[PDB]
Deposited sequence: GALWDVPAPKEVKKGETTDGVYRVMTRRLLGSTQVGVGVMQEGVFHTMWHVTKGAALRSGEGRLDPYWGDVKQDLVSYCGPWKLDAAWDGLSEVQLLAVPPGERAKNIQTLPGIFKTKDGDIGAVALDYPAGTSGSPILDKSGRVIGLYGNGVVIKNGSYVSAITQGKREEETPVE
């Protein structure tokens, strides 16, 4: 329940299927990581509360809380949590997904699939979106943010 970035694990043997963000008592990750499954946290259970396949997002225990957005000019940091590796910050200037519905920041960074759900941060340390839904041109991830 403590604020922070978390590995999402599954069990012959354990593997890391993704990453998520605890903030304000709500767990945020990408739909394709959990497919909405309930999550164990210690002796507790986290149940899904909101989700959307088109945004590829899911929240547990309450509504989506993350609302900061890329400012369109500044460098950002991916707080990548790869399987078997300590959480690490990768700084980058995002590119842009141009869509009919507006521009979305995108990061041209390619980490293992179990890194999906890792947060992208602005200079104030606020989560501007999650990593792991994108396109190949070399993989480029949207900076996927929900609505608060």
- Query: Hey, which stretches of the deposited sequence didn't make it into the model?
  - Reply: 1 to 16, 28 to 29, 156 to 158, 170 to 176
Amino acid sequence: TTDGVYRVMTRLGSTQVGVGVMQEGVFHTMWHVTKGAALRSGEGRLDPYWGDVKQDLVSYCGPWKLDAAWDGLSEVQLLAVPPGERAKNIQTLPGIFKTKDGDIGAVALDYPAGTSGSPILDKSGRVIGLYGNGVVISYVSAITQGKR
From here on, numbers count along this sequence of modelled residues.
- Query: Between us, would residue 135 come up missing in a third or more of the other compared entries?
  - Reply: no
- Look at the other compared PDB entries that model both sides of residue 21, then say whether a third or more of them leave it out. no
- Task: Look up the CA B-factors in the entry and say which stretch, 119 to 127 or 23 to 31, has the higher mean.
- Result: 119 to 127
- Message: Which is higher on mean Cα B factor in this entry, 110 to 118 or 83 to 91?
- Response: 83 to 91
- Item | Cα B factor band for residue 58 (lowest, middle or highest third within the chain) | lowest
- Message: Please place residue 38 in the lowest, middle or highest third of its chain according to the CA B-factor in the PDB entry.
- Response: highest
- By the entry's values, the third containing the CA B factor of residue 96 is the middle
- Task: Could you say whether, by C-alpha temperature factor, residue 134 belongs to the lowest, middle or highest third of its chain?
- Result: middle
